[PDB]
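Read off the chains here:
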Amino acid sequence: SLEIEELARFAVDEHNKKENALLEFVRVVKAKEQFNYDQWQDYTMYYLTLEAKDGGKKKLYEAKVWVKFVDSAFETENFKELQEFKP
Amino acid sequence: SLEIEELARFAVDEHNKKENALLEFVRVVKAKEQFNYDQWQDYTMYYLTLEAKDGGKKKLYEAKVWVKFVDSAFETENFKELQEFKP
Amino acid sequence: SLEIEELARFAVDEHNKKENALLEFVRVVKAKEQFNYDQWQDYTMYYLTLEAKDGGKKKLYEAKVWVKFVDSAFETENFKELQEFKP
Amino acid sequence: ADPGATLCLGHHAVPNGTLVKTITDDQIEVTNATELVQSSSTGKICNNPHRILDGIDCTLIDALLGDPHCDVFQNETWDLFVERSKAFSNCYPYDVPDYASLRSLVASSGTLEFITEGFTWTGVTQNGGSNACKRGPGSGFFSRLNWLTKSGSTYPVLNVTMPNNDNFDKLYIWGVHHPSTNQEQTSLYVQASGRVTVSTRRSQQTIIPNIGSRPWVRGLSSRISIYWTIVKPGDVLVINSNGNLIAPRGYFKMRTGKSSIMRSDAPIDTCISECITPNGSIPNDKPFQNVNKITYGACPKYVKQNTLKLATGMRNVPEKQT
Amino acid sequence: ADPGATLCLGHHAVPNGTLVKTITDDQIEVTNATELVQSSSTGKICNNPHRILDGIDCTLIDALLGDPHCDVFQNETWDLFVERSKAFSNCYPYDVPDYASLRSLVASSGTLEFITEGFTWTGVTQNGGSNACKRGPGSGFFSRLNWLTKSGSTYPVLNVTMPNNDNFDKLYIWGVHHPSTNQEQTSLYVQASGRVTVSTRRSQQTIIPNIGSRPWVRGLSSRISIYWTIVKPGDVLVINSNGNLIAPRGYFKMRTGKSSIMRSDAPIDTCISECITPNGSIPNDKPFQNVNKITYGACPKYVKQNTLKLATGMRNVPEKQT
Amino acid sequence: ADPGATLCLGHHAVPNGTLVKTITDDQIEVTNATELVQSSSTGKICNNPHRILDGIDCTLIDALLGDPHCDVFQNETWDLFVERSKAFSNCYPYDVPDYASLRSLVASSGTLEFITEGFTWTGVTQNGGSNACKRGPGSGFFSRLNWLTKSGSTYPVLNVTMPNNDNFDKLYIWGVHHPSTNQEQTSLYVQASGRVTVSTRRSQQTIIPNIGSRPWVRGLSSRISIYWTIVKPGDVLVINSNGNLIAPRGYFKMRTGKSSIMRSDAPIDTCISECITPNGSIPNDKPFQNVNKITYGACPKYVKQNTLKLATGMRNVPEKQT
Amino acid sequence: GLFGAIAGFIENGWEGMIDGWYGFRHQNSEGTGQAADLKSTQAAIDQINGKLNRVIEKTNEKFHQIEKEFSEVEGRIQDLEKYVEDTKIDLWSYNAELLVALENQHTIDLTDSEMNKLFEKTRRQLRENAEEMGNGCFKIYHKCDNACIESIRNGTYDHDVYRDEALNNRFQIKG
Amino acid sequence: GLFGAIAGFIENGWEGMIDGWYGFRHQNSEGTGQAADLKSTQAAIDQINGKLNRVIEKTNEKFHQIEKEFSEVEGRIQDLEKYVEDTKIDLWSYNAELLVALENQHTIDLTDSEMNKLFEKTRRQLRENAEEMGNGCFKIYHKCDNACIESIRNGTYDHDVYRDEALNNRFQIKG
Amino acid sequence: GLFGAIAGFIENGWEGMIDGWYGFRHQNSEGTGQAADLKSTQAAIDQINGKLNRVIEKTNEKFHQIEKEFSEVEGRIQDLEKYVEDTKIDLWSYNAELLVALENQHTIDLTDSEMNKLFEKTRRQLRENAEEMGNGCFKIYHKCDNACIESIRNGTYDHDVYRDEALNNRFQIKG
Ligand SMILES: *[C@@H]1O[C@H](CO)[C@@H](O[C@@H]2O[C@H](CO)[C@@H](O[C@@H]3O[C@H](CO[C@H]4O[C@H](CO)[C@@H](O)[C@H](O)[C@@H]4O)[C@@H](O)[C@H](O[C@H]4O[C@H](CO)[C@@H](O)[C@H](O)[C@@H]4O)[C@@H]3O)[C@H](O)[C@H]2NC(C)=O)[C@H](O)[C@H]1NC(C)=O
Ligand SMILES: *[C@@H]1O[C@H](CO)[C@@H](O[C@@H]2O[C@H](CO)[C@@H](O[C@@H]3O[C@H](CO[C@H]4O[C@H](CO)[C@@H](O)[C@H](O)[C@@H]4O)[C@@H](O)[C@H](O[C@H]4O[C@H](CO)[C@@H](O)[C@H](O)[C@@H]4O)[C@@H]3O)[C@H](O)[C@H]2NC(C)=O)[C@H](O)[C@H]1NC(C)=O
Ligand SMILES: *[C@@H]1O[C@H](CO)[C@@H](O[C@@H]2O[C@H](CO)[C@@H](O[C@@H]3O[C@H](CO[C@H]4O[C@H](CO)[C@@H](O)[C@H](O)[C@@H]4O)[C@@H](O)[C@H](O[C@H]4O[C@H](CO)[C@@H](O)[C@H](O)[C@@H]4O)[C@@H]3O)[C@H](O)[C@H]2NC(C)=O)[C@H](O)[C@H]1NC(C)=O
Ligand SMILES: *[C@@H]1O[C@H](CO)[C@@H](O[C@@H]2O[C@H](CO)[C@@H](O)[C@H](O)[C@H]2NC(C)=O)[C@H](O)[C@H]1NC(C)=O
Ligand SMILES: *[C@@H]1O[C@H](CO)[C@@H](O[C@@H]2O[C@H](CO)[C@@H](O)[C@H](O)[C@H]2NC(C)=O)[C@H](O)[C@H]1NC(C)=O
Ligand SMILES: *[C@@H]1O[C@H](CO)[C@@H](O)[C@H](O)[C@H]1NC(C)=O
Ligand SMILES: *[C@@H]1O[C@H](CO)[C@@H](O)[C@H](O)[C@H]1NC(C)=O
Ligand SMILES: *[C@@H]1O[C@H](CO)[C@@H](O)[C@H](O)[C@H]1NC(C)=O
Ligand SMILES: *[C@@H]1O[C@H](CO)[C@@H](O)[C@H](O)[C@H]1NC(C)=O
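Counting of residues restarts from 1 for each chain and follows the sequence as written, so the numbers need not equal those of the entry; residues with no coordinates are not shown. The order in which chains are written sets their letters, starting at A; the order in which ligands are written sets their numbers, starting at 1. To get the side-chain values, take all heavy atoms of the structure and skip hydrogens and water. Residues with missing side-chain atoms are left out of burial classes, side-chain pairs and their counts.

The deposited coordinates for this entry were obtained by cryo-EM, with a reported resolution of 3.4 Å.

A. Molecular detail of the overall build of chain G. Looking only at helices and strands, chain G features four helices and two strands. Mapped in sequence order, the helices and strands of chain G form the string β-β-α-α-α-α. Its C-alpha atoms give chain G a radius of gyration of 26 Å, more than 25% over the compact-globule value 16 Å for 175 residues. For helices the rule is a DSSP run of H or I covering at least 4 residues; for strands it is a run of E covering at least 2, with both sets numbered from the N terminus onward. For a compact globule the rule gives 2.2 Å times the number of residues to the power 0.38, and the radius of gyration it is set against comes from C-alpha atoms.

B. Region of interest: the UniProt feature "disulfide bond" in chain G. Between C144 of chain G and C148 of chain G, where UniProt places a disulfide bridge, the two sulfur atoms sit 2.0 Å from each other, close enough for the bridge to exist in this structure. In this pair, the class of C144 of chain G matches that of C148 of chain G, namely buried. In plain terms, two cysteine sulfur atoms within 2.5 Å form what is called a disulfide here. UniProt positions are given in the numbering used here, feature names are shortened, and annotations may be inferred rather than shown by experiment. Under the scheme applied here, a residue whose accessible area is under 20% of the maximum for its type counts as buried, over 50% as exposed, and between as partly exposed, the area being computed with a 1.4 Å probe on protein chains only.

C. Quick look at the site of ligand 8. Residues and elements named next belong to chain E. If a single non-hydrogen atom of a residue is within 4 Å of a molecule or strand, that residue counts as near it. Close contacts around ligand 8 come from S39, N279 and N292, and that covers them all. Think of a polar contact as two N or O atoms within 3.5 Å of one another; within protein, one of them needs to be a possible hydrogen donor and the other a possible acceptor, and neighboring residues in sequence only count if both atoms come from side chains. Here an oxygen atom of ligand 8 and a side-chain polar atom of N279 are 2.4 Å apart. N292 is positioned with one of its side-chain polar atoms (N or O) 3.0 Å from an oxygen atom of ligand 8. Contact with the protein chains removes 43% of the 360 Å² of surface that ligand 8 exposes when unbound. Here the accessible surface of atoms and residues is derived via Shrake-Rupley with a 1.4 Å probe, and residues count as covered only by protein chains that are part of the display.

D. Spatial organisation of the side chain of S143 of chain D. One can find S143 of chain D in the loop between α2 (99-109) and β6 (145-146). Excluding residues within four positions of it along the chain, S143 of chain D makes contact with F74 and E75 of chain B together with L65, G66, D71, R135 and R249 of chain D. The contact definition used throughout considers only heavy atoms, calling two residues in contact when any of these lie within 4.5 Å.

E. Looking closely at the sheet that holds strand β2 (residues 46-53) of chain B. All names here are of chain B. When DSSP finds two or more bridges between a pair of strands, those strands are recorded as paired. The strand order across the open sheet built from four strands is β1-β2-β3-β4, with neighbouring strands paired in antiparallel fashion. The open sheet is flanked by β1 (25-33) and β4 (81-86), the only strands paired with a single partner. Looking at each pair of strands side by side, their axes are set apart by 25 degrees on average, direction ignored. With four bridges connecting them, strand β3 (residues 58-66) and β4 associate as antiparallel partners. Pairing of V65 across the sheet is with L82, part of β4. The convention used is that axes are lines fitted to C-alpha atoms, helices contributing only their stretch in contact, and that angles between N-to-C directions extend from 0 to 180 degrees.

F. Just the pairing of strand β5 (residues 80-84) of chain D, in detail. All names here are of chain D. β5 sits mainly inside the fold: five of its five residues count as buried. The side-chain alternation of β5 yields two buried faces, one formed by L80, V82 and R84 and the other by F81 and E83. Here three bridges tie strand β4 (residues 52-54) to β5, and the two strands are oriented parallel to one another. What sits directly across from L53, in β5, is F81. Look down the strands so they point away from you; if going from the first strand over the helix to the second traces a clockwise path, that crossover is right-handed. Assessed by its sense of winding, the connection that carries the chain from β4 through helix α1 (residues 60-65) to β5 is right-handed. One ladder, built from five bridges, connects β5 with strand β17 (residues 260-264); its direction is parallel. Opposite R84, over in β17, you have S264 as the bridge partner.

G. Summary view of the site of ligand 3. The environment of ligand 3 is formed by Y37 of chain C, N159, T161, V236 and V238 of chain E together with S213 and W216 of chain F. Neighbouring residues of ligand 3 are not confined to a single chain but are spread across chains C, E and F. In this structure, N159 of chain E approaches ligand 3 through a side-chain N or O atom, which is 2.4 Å from an oxygen atom. Residue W216 of chain F places a main-chain N or O atom 3.4 Å away from an oxygen atom belonging to ligand 3. When contributions to the shell around ligand 3 are tallied by element, the ones reaching two or more residues are β7 (158-163) and β12 (236-241) of chain E.

H. Looking closely at a negative patch on the surface. A surface patch of negative charge is lined by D2 of chain D together with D158, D160 and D164 of chain H. Examined against the element boundaries, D164 of chain H turns out to sit in helix α4 (residues 163-166). Given a relative accessible area of 38%, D164 of chain H falls into the partly exposed group. Think of a patch as exposed residues, more than 30% relative accessible area, with no salt bridge, where like charges cluster within 9 Å and nonpolar side chains (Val, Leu, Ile, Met, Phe, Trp, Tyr) cluster within 5 Å. By definition here, a salt bridge exists when the distance from a side-chain nitrogen of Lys or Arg to a carboxyl oxygen of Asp or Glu is within 4 Å. None of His or the chain ends enter the tally, which takes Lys and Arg as positive and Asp and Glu as negative. For charged residues, the charge sits on one atom: NZ in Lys, CZ in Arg, CG in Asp, CD in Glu.

I. Focus on the interface of chain G and chain E. In this assembly, 64 residues from chain G lie in contact with 53 residues from chain E. As used here, buried area is the combined drop in accessible area, with a 1.4 Å probe, of two parts when they are placed together. Summed over both sides, the interface of chain G with chain E buries roughly 5,600 Å², with 63% coming from carbon and sulfur. The largest per-residue losses of area from chain G upon contact with chain E belong to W21, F63 and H64 of chain G, which jointly make up 12% of the total buried on that side. On inspection of chain G and its partner chain E, the count reaches two salt bridges. With a closest N to O distance of 2.7 Å, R103 of chain E and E67 of chain G form a salt bridge. Where chain G packs against chain E, one counts 13 residue pairs in polar contact. With 21 residues, the single largest contributor to the side of chain G that touches chain E is helix α3 (residues 76-126) of chain G.

J. Expanded view of the UniProt feature "disulfide bond" in chain D. Residues and elements named next belong to chain D. Taking the pair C58 and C70, which UniProt gives as a disulfide, the gap between the sulfur atoms is 2.0 Å, short enough to count as bonded. Taken together, the residues span a long stretch of sequence, with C58 in the loop between β4 and α1 and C70 in the loop between α1 and β5 at a distance of 12 residues. On the basis of relative accessible area, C58 is assigned to the buried category, the value being 4%.

K. Focus on the state of the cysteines. Residue and element names in this part refer to chain E. For the coordinates displayed, the defined rule picks out 18 disulfides over all chains. The partner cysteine of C58 in its disulfide is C70, sulfur to sulfur 2.0 Å. With the S-S bond torsion at -100 degrees, the cross-link from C58 to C70 turns out left-handed.

L. View of α3 of chain G. Over its 51 residues, α3 of chain G extends 72 Å from the first C-alpha to the last, a length consistent with the 75 Å expected when each residue adds 1.5 Å. In the stretch just after α3 of chain G, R127 of chain G is the one whose phi turns positive, near 65 degrees. One fewer than the residue count of a helix, multiplied by 1.5 Å, yields its expected span.

M. Broad picture of the pattern of salt bridges. On inspection of all chains with the given rule, the structure shows 77 salt bridges over all chains. Between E35 of chain D and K309 of chain D there is a salt bridge, and its shortest N-O distance comes to 3.6 Å. Of this pair, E35 of chain D sits in the loop between β2 (28-30) and β3 (45-46) while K309 of chain D sits in the segment after β20 (301-302), and the two are 274 residues apart along the sequence. Between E74 of chain G and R76 of chain I there is a salt bridge, with the nearest N and O atoms lying 3.3 Å from each other. Of this pair, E74 of chain G sits in the loop between α2 (52-56) and α3 while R76 of chain I sits in helix α2 (residues 76-124), each in a different chain. The exposure class assigned to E74 of chain G is partly exposed, which follows from its relative accessible area of 31%. Here the residues in one salt-bridge network are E83, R103 and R263 of chain D together with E67 of chain H, joined through shared partners.

N. Geometry of the arrangement of the chains. Chain C makes no contact with chain G; the smallest distance between any of their C-alpha atoms is 42 Å. One finds no contact between chain C and chain I; the C-alpha atoms of the two approach each other to within 29 Å at their closest.

O. Broad picture of the sheet that holds strand β4 (residues 52-54) of chain F. Residues and elements named next belong to chain F. Strand order in the open sheet formed by three strands is β4-β5-β16, with parallel pairing between adjacent strands. At either margin of the open sheet sits one strand with a lone partner, and together these are β4 and β16 (260-264). Averaged over all pairs of adjacent strands, the angle between their axes in this sheet comes to 25 degrees, without regard to strand direction. Packing against the sheet, helix α2 (residues 99-109) makes contact with β5 (80-84) and β16, and its axis sits at approximately 115 degrees to β16.

Structure (structure tokens):
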């Protein structure tokens, strides 16, 4: 609940940073972690579906947030990057 | 003589099984075994040229009947399959 | 000075041998040996820029004369060949 | 009544002595000498008490492969496989990388106890053969692998698992195909550069085959390369391949026993003999020999001399004088 | 005054003799025998005078790799690493080609003295990890290599140089990645068939990885493979790569000293003992043994016999008669 | 007439004895001792009776390849090639996989008897060279291979055969090319990933080269790798290449003889000496030595001791008393 | 051993010897006694430790070796590593067997030698008075007391006063 | 051997000996004879088979080995396989040359010792009567018959009724 | 050696011996002399050159071998090549040390054997005249001149004209 919204907030401001945009999060519709072969011990991508209320309308999005695990507090933390933000 | 006609009958009735129609063999025009590098100890494909009288007209065909040798009567026999039946 | 003109004379007559026509050398404008990674101990291709007066007009050319070194007088000498003679 | 007598001691001499060696001399002769060397050879290979499997025109790698002129070695556990110097391989000439290990591992297995397994190969037609391999009129092939190839017009990827739930190890002798031209590779399979992949939980092996023209051996030019895998108790083997498949039809039972291999040309006789050396199976009543270094069974080892006669006797004193 | 006396010489006899062998007999008994064999074992591994580094659930290759349940072996120079028979590798299962070579070189290095170097990797985000590797809640990884991966949407080629201007040698433990499916290789890097190139002035190494499905070990199926490079004084290493890098964050100091590795299961005690043997660290007062052949320190070698008793005494004559 | 005299026996003593070892003691001294060890060295390499080929700035592999500062080793059969510690390789730096095998095989051949053969290479221009290799002003190259390259704008595939109808064996030293960048491979040959194929009736070898940046040695960065083949009597070799070809201009005669190679730095003198050790060619009148373990000729082997003096005499009794 | 000193003509050792190896038993008019000759055994212990610390330094000082046991079979390099493994062991086991079998054959000949050397030293100190009985134990033919053994045990012993008479009772006059 | 018993002072053996090793030849008033001393040879055969079946079990019990001869040369692994195989052969051939060389040195010393042990046993059974001649053959100085040989061959022989006679003719009275 | 001949009972050699090994020193009424017995040493040099050219041909005749020292470390095949090269060296160094120790023990026993062989030959040539003294140097009890030494040095020496004299002065008549 808190994790899917936090990465949704990560997805919108990264798009706001890259495009010099300003979009505001509302809520998350669907969060379907892939289970094709493996989702654990490696990349654990969240298929995140988001809708935004910024331009007078609701616009759907799908973000392929490649969440690679870091090594622990001996090294850096808080790993996430947006591969692509399709509309 | 008998082998080329038997392979022609195999080609025509495998074709008939595949597309669910009926064609009848007449005779074999040319049977040219390939001699580019090697035709023996391996695949020994017969370039078989046939004509049939099924729609009341003569239609030429070329069948690349991939005749791979089986092991002997210790195992299965009578190996043949039609790769492609061009008109 | 003498090497670039001789290769230019090599460039025109090895050109002239191929298409069965006749062109005459005038002078060399620019001879820029490549220095991307290495020009020595190997191929030492000379970017040669030439102009000729054969049809009564000046025409620019660029020849990538791939001058691979030979072994010495124990073996053959005087190696040069024209890769391409663009206009 | 007193007299002078004698009780002179001494020893025994024979005028047929044999020369021996000493560390303070070079050539001295004695009254008796057992030849610890064994250079003689009866010339007969005997089939007892070790079970001896003898080929006629058959070699061991082609025996496991089941050459279709040697189909008497189905099962037939052995203790010593004697190949013949007049051998010839009539079935699809092959090139195995790392030949000495596979021959040594199989000869140490000791037994050809084959057993089939139910493999669910999907989208393939098995049981392919060649024309050099022959059991009379017609065709033939090895009798222990599947010459896999394409079916219809496609070649699906293969995933096959075999859970070794039992308490014995498993050998899976498989192969890859090395065509001659690009036309051979693109006709048997639909892959220009096929890939094989063998995986257990411990290790893995990935092989990409070679393409090129070769000299003729009995027809064609092509070769096949033999590879292998060992599965421990409680281990699962996964075979994945994209092309160039020669996949096995069963697993060969291992055994941690006592068995060797040897190359010679002597024929088969009936004896009770324990030691077998090539070029003559010799008895072991001496600690040394001079016959060939290859040796199976509890019988002595190579030394390079010819007369190391141990003196089972005293130093010769020839009967001086005349 | 004259009398007849005696001064009969002789020797000592004890009615507790021990059997010994002779080259002219088979079993004779003597008055005294030291057993040159050492078959007993106290069963305690002692940490003096040689420095003994002992794992708890930690193996040596994972000790240098920094398993995130083994972060007590940072630095910690040793003289002998004792791996544990109850070991398990909780960090991203791997396959090391030529595994016996790398383990022998590292065990002969003698010291895990790490030192960072400032590498200018361009276009990458380092510090990746896995979920099997764990230091509690969250994630984890090896603590000594960089799990490199892609950044943004591209993946630039990497050229790096490190001029060894000093007088010591350098070891660079790097790795290759072996994905399972084609989707894993396409997601992590943007290369379908990645290439890695390691170059010094003397030699070079180029590796192309493998793709295929595998049995599950602790999740996923994939593996990584470890390669390495040695740089001489006054030499330069260039690492060029197109994909699938696990690039190191420093160089391990070499040393031409005295250190080994061993496999046993005995725990750690306090002694002053020099010979360390698996299944019991035994003292070296004798020149032979019958315990396991693996051995570190100045202590004797294997002999397959059991009673090799050297006679520190003369032949028994038991006290005949009653 | 009777008197009491003496015939007191004994032995000989000198007050200059030398210490020796015994198995029942540690250091006893004798009246005479020869040093079975040979630790001295005259320091001169002599060229008789063994034919010694000595380089000046030339190594054996570059002598085979004909370094264009070493063109006196054409033919010149030898018995021991002495490389120089001050060596350098001025011609196109290389990297030969299994370098120890090729150097050992050639040094066992014993003779560099070259012979050309009529090779019908089609569509190539041979005789390429480099600027590091130099015989004065101009260019230079190895004098025993063909640096093949493209011609016109194409590179046709190559099929060549050589029927060995004679009774001797044949060796063909050939090579692969490892360029630095992709532009080097695309310019010389017209293949992004070139292929070679060497095939006999027995076996085959297929090599795919590597691409990558390397440190500079004398210019460029690139290297070539040397491969080889052996042809038996009544055997046919077929060489097939798609690119990266360095094909030989003839075959090297083998010889099953007696020849070695060595590494030292001593100059050349005139003697009649049979034993040649590095760092001094010593005479063999003793059964042991202490100079380096590398050895050519019938002369003894390394023993790690220093004074193994065999007693050519009796135990010393110094002349007690004063 | 090969001299036949021990177990060649002496058929019983003794139990009272706890302080030495080569005892000097005797039967005199002053009573049965027992005195271990210190110098004769001291050479023998010095000799037998002369070989013992020789073989004490027979340990391998290897601080890094190769794999000596395996949990996987791979063939050619595995067998060669096992062949070098195995052939080292028999060459060392034979050498250990050739060590011990010589050193007992040495020791029984070694311990036999001072038995014969003490035989000769007891002989050559008399050479007319210590006539052998063949049982590996001597016979002194003169009157003997505690001054006998305390002299013969050490190096000093006169053979001029006792030479005279021990030749008297070696002879039996006929008549 | 090192004792010098055989070929040190005996210059000829004999041909009638077919039933033993260490014969007992003699010349008496009852005729020339030849009788094998059974107990002396039997220990020597017991010793010489004590080493013989010791070396009978010197066979390699290998049921699987490495390649021993080759039909192709490939270099480094080929040479190492050849080097391990070759260096095994010299070490075994040097050992086999060494092993033989001690046992003839052992055997010539054993028959050297057994003759000397027979010499001493013939000496110590008499010790005043069997005065040596130096030719490796004794001389008994009393009257002797077939009861001599049948006693000396066995372990029993009294030296009290013949001791008083053989010292008579070892001495020559002056006058 | 094991016979105790050299340094067991002879406490000093001599410096005048430059022409031989086993000298024959003496003191007579004609003056102190020194004469090296040629036949005794000549057999001894035949014995020790018997083992010398035996070990002279103990060199390796290898015309091609494997790499013996390395300038690079590569691991498994490197360690096996180093292990085989090491284990050859300890086996050969042991075999060298065993050979030097055995032949030194042989040579001290060999000259130990020749000293007793010279002792017994000097004994058995007299056997009633050369009564020992235990100092490793004999004592001849009859009148002696330069004809003594020149006979005893060679093989010929009569023991019938000198036997009747040296038994006289071993006897001390009581009265
Ligand atoms: C690349 O280069 C290699 C070079 O090795 C080529 O390989 C050769 O290919 C040719 C054909 O492509 C082979 O020639 C064949 O030889 C067979 C065996 O020869 C025996 O018989 C002949 C009689 O013709 C004897 O003279 C000879 O001594 C041998 O005893 C022949 O059997 C072949 O057919 C002939 O005989 C049959 C018999 O029934 C007749 O029906 C035929 O008409 C014909 O007469 C044929 O001649 C040659 O052997 C190959 N080399 C080797 C070493 O084996 C590759 O072909 C080449 N690649 C390409 C693409 O060209
Ligand atoms: C090519 O072929 C290989 C054959 O090896 C396939 O690999 C197998 O893949 C499947 C799934 O893809 C694996 O199945 C998994 O097994 C795990 C371990 O099994 C334990 O748990 C089960 C209970 O389910 C016990 O019965 C068993 O004895 C073991 O103790 C399971 O953990 C997996 O999930 C299950 O458990 C979790 C627990 O949280 C549940 O949440 C799940 O819902 C589920 O119930 C799963 O079942 C199998 O193990 C793999 N083989 C091997 C040898 O490991 C490849 O997948 C195939 N390739 C392709 C592309 O298909
Ligand atoms: C990937 O990364 C590698 C890292 O190794 C790069 O390789 C380096 O490439 C550069 C050039 O591309 C090389 O630089 C050259 O060095 C030569 C040797 O240096 C000597 O001379 C200099 C004096 O300049 C001394 O200071 C030094 O100590 C050496 O003694 C120079 O000779 C080169 O040219 C210089 O000298 C000539 C002399 O005539 C002048 O004409 C020139 O103008 C210039 O001054 C040049 O500087 C460098 O050596 C390489 N590294 C190594 C370790 O050798 C790869 O280039 C990189 N890949 C890519 C694609 O960039
Ligand atoms: C020869 O080997 C075959 C295997 O190829 C044997 O067949 C199997 O034998 C085992 C042993 O009892 C059985 O458990 C299997 O059920 C058999 N499988 C099949 C498919 O038959 C065969 O029994 C062996 N012996 C003979 C005489 O053929
Ligand atoms: C040096 O070697 C060359 C080979 O490169 C020799 O040339 C061949 O020699 C053999 C031996 O007689 C002849 O059969 C060949 O016909 C020669 N071939 C050619 C092309 O010349 C050469 O003879 C050798 N010796 C010298 C002095 O050059
Ligand atoms: C030993 O010699 C005897 C008699 O000469 C003979 O009978 C016997 O066979 C010999 N022993 C051997 C040859 O082993
Ligand atoms: C037996 O034949 C082999 C050939 O493989 C030969 O080397 C060997 O010497 C022969 N045996 C004898 C006793 O000569
Ligand atoms: C100690 O354990 C090992 C198992 O690795 C075993 O082989 C060995 O025999 C044991 N030690 C003894 C003295 O039994
Ligand atoms: C000769 O030089 C070598 C160096 O290669 C050295 O190892 C050896 O000890 C030297 N010789 C002597 C007798 O010191």
